[PDB]
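Data block below; observations after.
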Amino acid sequence: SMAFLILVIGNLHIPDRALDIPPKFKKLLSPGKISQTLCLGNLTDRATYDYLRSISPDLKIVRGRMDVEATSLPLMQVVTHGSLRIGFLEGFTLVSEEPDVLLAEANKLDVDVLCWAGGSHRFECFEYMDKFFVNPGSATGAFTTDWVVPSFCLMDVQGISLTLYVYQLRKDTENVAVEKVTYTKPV
Amino acid sequence: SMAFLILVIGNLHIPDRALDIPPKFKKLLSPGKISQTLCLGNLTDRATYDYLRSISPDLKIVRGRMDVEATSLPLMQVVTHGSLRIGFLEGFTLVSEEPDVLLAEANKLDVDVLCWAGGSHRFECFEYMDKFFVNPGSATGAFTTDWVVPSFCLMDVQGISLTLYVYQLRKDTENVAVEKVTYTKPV
Amino acid sequence: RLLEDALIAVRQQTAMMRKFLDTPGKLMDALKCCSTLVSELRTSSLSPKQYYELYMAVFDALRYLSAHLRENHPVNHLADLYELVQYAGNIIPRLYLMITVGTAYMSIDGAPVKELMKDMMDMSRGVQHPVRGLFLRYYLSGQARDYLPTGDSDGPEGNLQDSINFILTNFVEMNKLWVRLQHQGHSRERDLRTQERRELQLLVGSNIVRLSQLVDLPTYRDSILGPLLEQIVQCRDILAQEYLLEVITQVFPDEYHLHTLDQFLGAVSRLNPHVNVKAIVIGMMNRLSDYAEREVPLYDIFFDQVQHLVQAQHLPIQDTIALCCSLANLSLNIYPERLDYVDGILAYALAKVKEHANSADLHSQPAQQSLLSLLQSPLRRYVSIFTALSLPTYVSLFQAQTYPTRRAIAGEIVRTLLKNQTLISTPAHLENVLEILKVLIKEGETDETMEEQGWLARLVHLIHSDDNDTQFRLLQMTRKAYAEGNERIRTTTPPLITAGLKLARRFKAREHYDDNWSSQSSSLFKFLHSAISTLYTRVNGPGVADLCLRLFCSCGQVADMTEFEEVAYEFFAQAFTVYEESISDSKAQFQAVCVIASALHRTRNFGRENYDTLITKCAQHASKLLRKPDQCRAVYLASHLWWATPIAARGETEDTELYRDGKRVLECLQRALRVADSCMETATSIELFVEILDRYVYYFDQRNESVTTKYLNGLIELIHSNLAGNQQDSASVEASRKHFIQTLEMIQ
Amino acid sequence: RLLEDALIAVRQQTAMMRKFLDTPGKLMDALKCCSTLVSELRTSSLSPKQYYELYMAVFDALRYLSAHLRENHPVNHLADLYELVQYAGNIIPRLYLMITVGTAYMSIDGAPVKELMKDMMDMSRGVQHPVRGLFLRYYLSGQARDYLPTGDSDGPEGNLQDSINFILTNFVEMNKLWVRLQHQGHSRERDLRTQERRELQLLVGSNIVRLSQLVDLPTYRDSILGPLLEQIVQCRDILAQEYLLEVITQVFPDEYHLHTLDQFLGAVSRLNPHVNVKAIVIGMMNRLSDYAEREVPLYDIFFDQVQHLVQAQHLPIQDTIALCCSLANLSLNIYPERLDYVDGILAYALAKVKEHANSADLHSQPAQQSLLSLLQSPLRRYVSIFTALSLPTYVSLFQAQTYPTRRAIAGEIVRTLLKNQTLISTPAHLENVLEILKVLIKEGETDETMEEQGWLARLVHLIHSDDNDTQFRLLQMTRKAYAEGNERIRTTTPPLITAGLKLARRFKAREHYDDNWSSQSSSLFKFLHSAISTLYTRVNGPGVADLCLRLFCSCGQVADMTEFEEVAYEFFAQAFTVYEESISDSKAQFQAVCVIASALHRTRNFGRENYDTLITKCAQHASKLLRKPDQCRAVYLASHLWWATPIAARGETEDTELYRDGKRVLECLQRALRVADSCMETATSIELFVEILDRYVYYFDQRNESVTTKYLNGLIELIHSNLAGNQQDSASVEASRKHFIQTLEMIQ
């Protein structure tokens, strides 16, 4: 296959709390690699949208706060690779992170894939109560709200299995890092 | 001077809680006499505002407890003729007409003039602690809203003096009164 | 053009006529010259304008002719010449000399006048030409004007019937040539010859003039009225009917019209439709007005004439309703007295004639103008309103009145009521004005306040003008009428608030005679709170509900003042509720909680078990405001829950002083102190410290047992140091210093 | 054409000449054939282009003639046929005869060359035809190119001196033609004659081409400085000296030239204004550029030379600035590092020209393009212009550009400043950027942001490179530097917010080393507010206020994190305030209060006068809305004073525990539910139940007490029942039942 690398790129905050991706990882976003780009909103600036369009073969977004004029663009978007109902968001709508309340809203939208990038801005993943948890922290690597590494993930979703190649640029001198994670959905 | 027909009068709870002033004041308060009308606000409709703007090009409109729509018009305002400083407001701050609070707010205002809307329509006057205490009253003394005299006085302000012409429309059979009880600022 | 030559020939003829008249004995030659004179005009070539100019010329000429005639010739007579020239073939000079000698005879011989005249009239039948006949007869009549055989002749030669014959024949010949004047000359000259007819019709009306110089009502109605109406219906010509009858009416005095109307009206009611019968019957009604306006059901009989001509003719609805305007005016001149007759025919009959006349769309239609005029006719004719207020059925007429006229007449009648005191509203009166309202606002820039701002104000106020006891059921009938819709009474409910509130104490004032004042007072309270929640239930007010707040407050405050703590406690709890539900804008929230404070403030006798709980709830919600400086404002007013203040807290067990819980007062004083220590603004905090100083020093002078002079000294030294050490230059700083000076003077 | 016929004839002529030369022994007829062939060469009926083609044909044939020369003629001799056939007054036939003889002699022996060459040059006085003279001397040069002596100069006739003499005199006489050729003939032939000149310039430059392998620098300068320069001052032709100096540039090792090009410039400063001096200059500058930067203060000398020149010239905008930017590049070549002189060129050469150039606004003039190129030449040139950025007389030149040039330079500068990232900055960059911005939108849809938006972004971003202490002062610089007026700062501000707010953290990195960090933090809060109003100063724009609202929120949580959170309290309140200003859209506030709740929920360090107070305030915010579901959403989101939620609540306000307000917010929830009971919709009610049970089990599993399993079991059964019993189908219903049975699994 090798058709849909599902990168978790987000936490844009441009120019909200960010302006640019690290050069290596930014050019790692050259078109022709993936036909699938996962932007998650609050880009924000118009130039962000323009460069995205020039750079992104895939347009599926959630609705975002810092975003004044294209308030028309949907709150969310459901995707299917193989046979999956896929939910993606930030994490703002709920007051907390409670995975069970999250999957509550998910059932209110009927998706079995659960990915977001909220306001604590961490990477952690696991399953509790029969569903899987996806948040990478500031995929733009920006400073968090809490007391970050840019975390996009070569999420290899075909069928019910996900392989995750996360590319990480952390300073010791900066260091390009790759971690491989595999997840198969309980269908 | 008849260019200073300074009058505290009106206050009929209108259009809610009266119908209108009888022709007596209407002709007594028609255009052609007063060049400077002293408004007590809380009319509360607009047509009477029009009529009072018609009484003189010199008024002082205020928002009252029954005045909602014009959220903008604050409640206090001071004017000065010579050495007299004519301060005036609602009095909402008052829990009772305690002379301490009265003179204290006056000092906040730097005024010796007394105009407000309490709870009762009850006049009294006397001297105590460098200030005199005068109830602005109503047109003929409408019902209980201002700590029952028909209040209107042909008042010219000169220096520290105001020629208070104590006039009433007293029932016995409402009848016009021509009397004077004048006060001048002690300074 | 030839007319000018005829005029000059007539001028020379009058010249030779003057010459022959000035010479007596040649008066035969004078008559010859006068026959030549009249022969110049005898042709129909003279246009009725110039024909009549020539006729008045020859008429003044024949005036001198007949004068000198009556001078010279009637010395004895001309022996029977009337018959000697009655058979000769040459007709014209025969007739002219005959009328001249008949004039001479009428001058000298008073008895044979009628014989000569009647014979001249009979010989007038053999000729069918109306021009010469009419003009010749006008000459003869102008001669016979001064000696008609009439009521002055009481049985000798001449009587009523003799002048009757004379004038009637003259008139019918006038009408004969007059209707021919519609067809005289050329055919395409219809308009011109009818204009000439109109020019000559005054000569016709001259007979009516002569008739006006005659007998009074009785012999008239006996021998003339009959003939009069006879000719009236016998002309059967639009123009004859119209002109001749308007002349008649205008002419004759009303002693005749005393008992001669009804049959005459009926006779008119059946004439030609192409007549403007509307206008002429209106003129009759104007004579009737000349009757009425001066200070046997002619009312009803005349309405029957109206209905008949409605049937006997084909009346446009507009004409009808305008006539009805005039009729209503006339009748409310006649019976404002027991108008029940009048309103009968008008609404119950004439207005029904209207609803019969299913008029098409009519505002620009003059039918609508007649409509409005008729409708206001009683209204403006009224001097007192309960005449109208007695008219219950116009509510249908209201529906029978059209939309804009609906508004016009309604505003009219209402403000007419309004310009002075109205009276109690009987049931019928109630639902009638309720109908007015539910037509106006219901059914469905405030340059009209559309429309009832002052109108509802005066409405709700005159509600008090009604009878004390029923005023309650009136409240209920009106709150029913106060169902204008969720979007109509928006800001004019406070009126009904006033109504309930005043009635509360008014009916409270009847306890010495009926204990139901308590029960029905509670019942009121319920009806009120119903209405009040209703305006809460007008949740659709854009946070504007401070009103409904104020209204509940007024109510509960009076309830405790009417000493009804039971629901007073309840309804102030409700105030609490809606308050939190409504507690909206910082500035607003401020003012409104002040309102709640006053609501507490004015009480005196309320139960303490509820009182102190209310104190707690207050202090709580006070502390439930937001912004700092205004907050400490709230704080210092909140301690009045305890202090020797307000009217709420004045107990006569305090030795005329007030509740005075100065301890918790000083507690909240410490609280506000803390808060002001943290507003993060210098000068405001400073002035507030001054205010707190003023509180404390008043309590000192008010002798708060908790006011410690140590707190005095600590705070004043703190403040004196700050104003001396750290106060930044500004005017309010000077205000602080000077008012601090005032406080120092006040420390005693 | 005559060209074709002449070419055919001379082609048959050289064919028989080959028949002569390939078969030896026919020397006499071969010489006669050459003579008669050059007889057609004196015939100038061939146009200079036709003559050129025929001359190239005969020249390639003449190379073979010279081969036959070298192969046959070196045998003995040829004796004076020139003087023997001298009988005719003509010159050219015997001329070329003895010329072929001399070519033979130079083909054999190097000694006789100069003798016969000076013979040809002396007897050439009779040749008044300059075209034939040039053609002949070019033939000689191309021939003697392989026969003109060189560094083997030993003294026989013909040496470096003698060969350079021969080549120089031929060169200058061919120059004399090349001049007259433009003018010889009819005056109207001047266009085609300039064509001839341009066509035959290289035939004369071949002389210098042979000079390439010749005299060294001393001999070079001596032998060349005089003669050809005098030829130049005599001809005064543009193309002449142009092509000449071109071939000169390329001809000798330029250690010769540049060591002479100084005094060469001193000599050639004489140029006429109508001569294309600038092309000469720029070709020189080309030599000098690929001289220097190809990896005598030529600045002083050559700059003053061209100073004199433009002073001696009258260069309009175009020539002036062209030479100016060329000088710029030239200095960039020779003295990149001798910058002082370069900025001298800037200020007291180029800026003085700029204003000294009293030329109005000019863009059609490409000279503006030249000046822009000039300005950017060290920009486009340095990898480190920040070095030149440390010069104002580098940048203070910028006022001297006009609005169009201004934003041109603006695009260029922003490009410069965008590709790079900013290092440690003194205030110097701040000078530079004052310039930048006051050029930027100062003085007075932004199709390209142009480019200020992407610009301002990276501007303030590189600004972060600054360090804390001065970062605030330069924050001043920034902020009020944004005193331009309204409709820009929307495109600006959040960056600026962030600048200040993360400077808060940079500063705070010294709180363990400061107490005035409280005061410097004040300075912050001040400057914060400064900007904050500065944007609130701008209310006119849509959708931009809500932003600064959120921005205020961010600063608040900042101070929360800066641990000096005394004032963020106030920020949060006034944030509510400016909301109450900015109340126009539903879903706006929906998300807005969503953000409010989030932020506050992330606030746990304030005191009760902040803590519980603001809890109630946000509760109010929630309560103050219009439409149900979204409300309920935020409502149960706001539930956080008492019990277990959320994990992020690592708080010692409740001993590392969580605060999930239970009972009060629960009754508020019940309130919301009953309010929603007024909806009368299916899917909405479905949602309601969903979140109901969501939070119910959310309590029960998180050990919340009064949420007993009885309520939950009964209500889930009730929801299932009324769902099934009285609610119509929709896919929502079934997905909800799925969610519901899931919840049942989750009840634990």
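Every chain in the structure tokens has a letter given in the order shown (A, B, ...), and although residue numbers restart at 1 in each chain, ligands are simply numbered from 1 in the order shown.
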Return as a PyMOL selection string the residues belonging to chain C that are within 7 Å of chain B, counting only C-alpha atoms.
chain C and resi 454+457-458+461+494-495+498+594+646+698+735+739
Please provide as a ChimeraX atom specification all residues within 10 Å of residue C:573, with the sequence filter that same-chain residues fewer than 4 positions apart are discarded (counting only C-alpha atoms).
/C:556,567-569,577-579,614,617
Please produce a file of those selected residues containing N, CA and C atoms, as a CSV table (one decimal), in the first residue's frame.
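Just written: again-v8.csv:
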chain,number,residue,atom,x,y,z
C,556,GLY,N,-43.6,43.5,46.5
C,556,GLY,CA,-43.3,42.9,47.8
C,556,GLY,C,-43.0,43.9,48.9
C,567,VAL,N,-46.5,36.4,51.8
C,567,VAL,CA,-46.0,36.4,50.4
C,567,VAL,C,-44.9,37.4,50.2
C,568,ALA,N,-44.9,38.5,51.1
C,568,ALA,CA,-43.8,39.4,51.1
C,568,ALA,C,-42.5,38.6,51.2
C,569,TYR,N,-42.4,37.8,52.2
C,569,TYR,CA,-41.2,36.9,52.3
C,569,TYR,C,-41.1,36.1,51.1
C,577,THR,N,-34.6,35.0,43.4
C,577,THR,CA,-34.5,34.1,42.3
C,577,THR,C,-34.2,34.8,41.0
C,578,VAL,N,-35.2,35.6,40.6
C,578,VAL,CA,-35.1,36.3,39.3
C,578,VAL,C,-33.9,37.1,39.2
C,579,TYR,N,-33.6,37.8,40.3
C,579,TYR,CA,-32.3,38.5,40.4
C,579,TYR,C,-31.1,37.7,39.9
C,614,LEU,N,-32.9,36.9,55.5
C,614,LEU,CA,-32.7,37.8,54.3
C,614,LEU,C,-31.4,38.6,54.4
C,617,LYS,N,-28.8,36.2,53.1
C,617,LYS,CA,-28.9,36.1,51.6
C,617,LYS,C,-28.4,37.4,51.0
Give as a ChimeraX atom specification every residue of chain D that touches chain C within 10 Å, counting only C-alpha atoms.
/D:566-567,570,573-574,577,580,609-610,612-614,616-617,620-621,623-624,626
Quick one: residues within 12 Å of residue D:355, only C-alpha atoms counted, chain neighbours fewer than 2 positions away excluded, as number ranges by chain?
D: 317, 347-353, 357-361, 397-402
Go ahead and save the picked residues with N, CA, C and O atoms, as a CSV table (one decimal), in the first residue's frame.
chain,number,residue,atom,x,y,z
D,317,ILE,N,20.3,61.4,-15.8
D,317,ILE,CA,20.0,60.4,-14.8
D,317,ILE,C,20.5,59.0,-15.3
D,317,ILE,O,21.2,58.3,-14.5
D,347,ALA,N,28.1,58.0,0.7
D,347,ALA,CA,27.6,59.3,1.2
D,347,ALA,C,28.1,60.4,0.3
D,347,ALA,O,27.3,61.1,-0.4
D,348,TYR,N,29.4,60.6,0.2
D,348,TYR,CA,29.9,61.8,-0.5
D,348,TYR,C,30.3,61.5,-1.9
D,348,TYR,O,30.9,62.4,-2.6
D,349,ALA,N,30.0,60.3,-2.5
D,349,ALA,CA,29.9,60.2,-3.9
D,349,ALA,C,28.4,60.0,-4.3
D,349,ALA,O,27.8,60.8,-5.0
D,350,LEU,N,27.8,58.9,-3.8
D,350,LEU,CA,26.6,58.5,-4.4
D,350,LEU,C,25.4,59.3,-3.8
D,350,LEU,O,24.4,59.6,-4.6
D,351,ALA,N,25.3,59.5,-2.5
D,351,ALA,CA,24.2,60.3,-2.0
D,351,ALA,C,24.3,61.8,-2.5
D,351,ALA,O,23.3,62.4,-2.8
D,352,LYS,N,25.5,62.3,-2.6
D,352,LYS,CA,25.7,63.6,-3.1
D,352,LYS,C,25.3,63.7,-4.6
D,352,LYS,O,24.7,64.7,-5.0
D,353,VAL,N,25.5,62.6,-5.4
D,353,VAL,CA,24.9,62.6,-6.7
D,353,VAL,C,23.4,62.5,-6.6
D,353,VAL,O,22.7,63.3,-7.2
D,357,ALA,N,21.7,65.0,-8.1
D,357,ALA,CA,20.8,64.7,-9.2
D,357,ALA,C,19.4,65.4,-9.0
D,357,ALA,O,18.6,64.8,-8.2
D,358,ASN,N,19.2,66.6,-9.5
D,358,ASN,CA,18.0,67.2,-9.4
D,358,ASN,C,17.0,66.8,-10.5
D,358,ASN,O,16.6,67.5,-11.3
D,359,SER,N,16.7,65.5,-10.5
D,359,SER,CA,15.8,64.9,-11.4
D,359,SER,C,14.6,64.4,-10.7
D,359,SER,O,14.6,63.8,-9.6
D,360,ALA,N,13.4,64.8,-11.3
D,360,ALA,CA,12.1,64.5,-10.6
D,360,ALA,C,11.9,63.0,-10.5
D,360,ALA,O,12.8,62.2,-11.0
D,361,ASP,N,10.8,62.6,-9.9
D,361,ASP,CA,10.5,61.1,-9.8
D,361,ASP,C,10.6,60.5,-11.2
D,361,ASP,O,10.1,61.0,-12.2
D,397,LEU,N,20.9,56.6,3.6
D,397,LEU,CA,20.7,57.0,2.2
D,397,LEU,C,19.2,56.8,1.7
D,397,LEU,O,18.9,57.3,0.6
D,398,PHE,N,18.4,56.2,2.5
D,398,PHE,CA,17.1,55.7,2.0
D,398,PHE,C,16.1,56.7,1.9
D,398,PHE,O,15.2,56.6,1.0
D,399,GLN,N,16.1,57.8,2.7
D,399,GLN,CA,15.2,58.9,2.5
D,399,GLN,C,15.2,59.4,1.1
D,399,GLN,O,14.2,59.9,0.5
D,400,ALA,N,16.3,59.3,0.4
D,400,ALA,CA,16.6,59.7,-0.9
D,400,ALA,C,15.9,58.9,-2.0
D,400,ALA,O,16.1,59.0,-3.2
D,401,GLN,N,15.0,58.0,-1.6
D,401,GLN,CA,14.2,57.2,-2.6
D,401,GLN,C,12.7,57.6,-2.5
D,401,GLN,O,12.2,58.0,-1.4
D,402,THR,N,12.0,57.5,-3.6
D,402,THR,CA,10.6,57.9,-3.6
D,402,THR,C,9.7,56.7,-3.3
D,402,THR,O,10.1,55.6,-3.4
Per-residue DSSP, chain B, filtered to helix (DSSP H, G or I), as a list in words:
residues 23, 24, 25, 26, 27, 28, 46, 47, 48, 49, 50, 51, 52, 53, 54, 55, 99, 100, 101, 102, 103, 104, 105, 106, 107, 108 and 109 of chain B
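The two copies, chain D and chain C, share one sequence, and their C-alpha RMSD after a least-squares fit comes to 3.6 Å.
You will find atom CA of residue D:547 at 10.3 Å from atom CA of residue D:535.
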Would you give me, as an mmCIF file with C-alpha atoms, in the first residue's frame, the residues in chain A that DSSP reads as strand (DSSP E)?
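Listed below is the output, part12.cif:
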data_model
loop_
_atom_site.group_PDB
_atom_site.id
_atom_site.type_symbol
_atom_site.label_atom_id
_atom_site.label_comp_id
_atom_site.auth_asym_id
_atom_site.auth_seq_id
_atom_site.Cartn_x
_atom_site.Cartn_y
_atom_site.Cartn_z
ATOM 1 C CA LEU A 5 0.981 8.117 5.926
ATOM 2 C CA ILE A 6 -1.091 9.820 8.620
ATOM 3 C CA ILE A 86 -11.553 8.183 12.512
ATOM 4 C CA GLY A 87 -11.893 11.070 14.956
ATOM 5 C CA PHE A 88 -9.390 13.903 15.204
ATOM 6 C CA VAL A 113 -9.928 6.405 16.019
ATOM 7 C CA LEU A 114 -9.212 9.051 18.626
ATOM 8 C CA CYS A 115 -6.484 11.633 18.055
ATOM 9 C CA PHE A 123 3.000 12.621 23.914
ATOM 10 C CA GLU A 124 1.428 9.550 25.514
ATOM 11 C CA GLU A 127 -5.776 1.924 25.782
ATOM 12 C CA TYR A 128 -8.252 2.069 28.632
ATOM 13 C CA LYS A 131 -10.303 2.390 23.022
ATOM 14 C CA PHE A 132 -6.954 3.879 22.048
ATOM 15 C CA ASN A 135 -1.971 12.772 21.669
ATOM 16 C CA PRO A 136 1.607 13.694 20.685
ATOM 17 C CA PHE A 152 4.332 14.240 13.747
ATOM 18 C CA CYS A 153 3.954 10.524 13.233
ATOM 19 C CA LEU A 154 4.146 8.347 10.141
ATOM 20 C CA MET A 155 0.936 6.627 11.185
ATOM 21 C CA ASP A 156 0.546 3.593 8.965
ATOM 22 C CA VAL A 157 -3.202 2.957 8.964
ATOM 23 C CA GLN A 158 -4.555 0.284 6.623
ATOM 24 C CA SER A 161 -3.277 -1.634 12.308
ATOM 25 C CA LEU A 162 -1.240 1.528 12.845
ATOM 26 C CA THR A 163 2.527 1.739 12.613
ATOM 27 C CA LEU A 164 3.903 5.006 13.958
ATOM 28 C CA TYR A 165 7.172 6.521 12.775
ATOM 29 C CA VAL A 166 7.526 9.715 14.815
ATOM 30 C CA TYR A 167 10.266 12.079 13.666
ATOM 31 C CA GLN A 168 11.743 14.092 16.525
ATOM 32 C CA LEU A 169 14.117 17.069 16.458
ATOM 33 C CA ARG A 170 15.408 17.499 20.003
ATOM 34 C CA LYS A 171 18.554 19.385 20.976
ATOM 35 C CA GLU A 174 19.685 19.661 17.685
ATOM 36 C CA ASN A 175 19.149 15.974 16.919
ATOM 37 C CA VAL A 176 16.765 14.428 14.388
ATOM 38 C CA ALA A 177 15.189 11.413 16.110
ATOM 39 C CA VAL A 178 12.868 8.624 14.943
ATOM 40 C CA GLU A 179 10.823 6.380 17.217
ATOM 41 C CA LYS A 180 8.773 3.509 15.830
ATOM 42 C CA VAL A 181 5.463 2.567 17.463
ATOM 43 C CA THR A 182 2.897 0.043 16.244
ATOM 44 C CA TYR A 183 -0.792 -0.056 17.142
ATOM 45 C CA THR A 184 -3.487 -2.425 15.897
#
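For stretch 29-39 of chain B, the list of residues within 8 Å, based on only C-alpha atoms and with local chain neighbours fewer than 2 positions off taken out, reads residues 2, 3, 4, 5, 6, 7, 8, 9, 25, 26, 27, 41, 52, 54, 55, 56, 57, 58, 59, 60, 61 and 62 of chain B.
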Written file, previous selection with C-alpha atoms, as a compact mmCIF listing (two decimals), in the first residue's frame:
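Below you can see result_31.txt, which holds the result:
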# COMPACT_ATOMS: atom_id res chain seq x y z
CA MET B 2 -35.47 85.37 34.55
CA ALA B 3 -32.48 84.14 32.58
CA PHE B 4 -31.97 81.93 35.65
CA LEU B 5 -35.27 80.18 36.30
CA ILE B 6 -33.59 77.37 38.22
CA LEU B 7 -36.34 74.93 39.11
CA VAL B 8 -36.56 71.52 40.77
CA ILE B 9 -39.93 70.18 39.68
CA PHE B 25 -48.29 74.05 35.24
CA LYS B 26 -48.48 73.26 31.52
CA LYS B 27 -49.14 76.93 30.84
CA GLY B 41 -34.62 63.04 35.22
CA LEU B 52 -38.53 69.94 28.55
CA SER B 54 -38.52 72.87 24.61
CA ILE B 55 -38.86 74.62 27.98
CA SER B 56 -35.29 75.89 27.75
CA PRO B 57 -32.09 75.18 25.81
CA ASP B 58 -30.45 74.68 29.23
CA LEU B 59 -31.31 71.43 31.03
CA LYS B 60 -29.58 68.67 33.00
CA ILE B 61 -31.04 65.24 32.20
CA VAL B 62 -30.19 62.32 34.47
Could you superimpose chain A onto chain B using every C-alpha atom, matched in order, and tell me the RMSD in Å?
2.3 Å
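Contact shell of residue C:677 at 12 Å (only C-alpha atoms; same-chain neighbours under 2 positions omitted): residues 628, 629, 632, 670, 671, 672, 673, 674, 675, 679, 680, 681, 682, 683, 684, 685, 686, 688, 689, 715, 718 and 719 of chain C.
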With C-alpha atoms retained, could you export that selection as a CSV table (one decimal), in the first residue's frame?
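part.csv, written as the output of this step:
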chain,number,residue,atom,x,y,z
C,628,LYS,CA,-13.2,45.6,42.8
C,629,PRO,CA,-13.9,49.3,43.4
C,632,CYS,CA,-16.2,47.8,48.0
C,670,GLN,CA,-12.5,44.9,57.9
C,671,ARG,CA,-13.5,42.9,54.8
C,672,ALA,CA,-13.8,46.0,52.6
C,673,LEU,CA,-10.5,47.2,54.2
C,674,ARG,CA,-8.7,44.1,53.1
C,675,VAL,CA,-10.3,44.3,49.6
C,679,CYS,CA,-7.6,46.8,44.2
C,680,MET,CA,-4.2,47.5,42.6
C,681,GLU,CA,-5.1,51.2,42.0
C,682,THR,CA,-3.6,54.0,44.1
C,683,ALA,CA,-5.9,56.9,44.0
C,684,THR,CA,-9.2,55.1,43.9
C,685,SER,CA,-8.1,53.0,46.9
C,686,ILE,CA,-7.1,56.2,48.7
C,688,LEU,CA,-12.1,54.7,49.3
C,689,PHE,CA,-10.1,54.7,52.4
C,715,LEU,CA,-6.1,54.1,59.8
C,718,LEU,CA,-1.6,55.1,57.8
C,719,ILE,CA,-3.5,57.4,55.4
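What separates atom CA of residue C:168 from atom CA of residue C:141 is a distance of 11.7 Å.
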Applying 7 Å and only C-alpha atoms, which residues near stretch 326-330 of chain C remain after dropping the ones on its own chain fewer than 2 positions away? List them as a PyMOL selection string.
chain C and resi 289+292+322-324+332-334+346+374+377-378
Prev. selection, C-alpha atoms, output as a CSV table (one decimal), in the first residue's frame:
chain,number,residue,atom,x,y,z
C,289,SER,CA,-80.5,72.1,8.3
C,292,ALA,CA,-82.6,72.1,12.6
C,322,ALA,CA,-72.4,61.3,1.6
C,323,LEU,CA,-76.1,61.9,1.8
C,324,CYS,CA,-75.9,59.8,5.0
C,332,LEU,CA,-78.0,64.8,15.6
C,333,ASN,CA,-79.3,68.3,15.2
C,334,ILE,CA,-82.7,66.8,15.7
C,346,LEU,CA,-77.8,55.4,11.5
C,374,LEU,CA,-70.6,60.1,8.1
C,377,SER,CA,-70.6,63.1,12.1
C,378,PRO,CA,-72.0,61.8,15.4
I want to know what sits within 6 Å of residue A:150, based on only C-alpha atoms, with residues of the same chain fewer than 2 positions away left out; could you give that as a PyMOL selection string?
chain A and resi 138-141
So what do you get for atom CA of residue D:736 versus atom CA of residue A:84, distance-wise?
18.6 Å
Of C:337, C:699, C:653, C:587, the one sitting nearest residue B:73 when using only C-alpha atoms is C:587
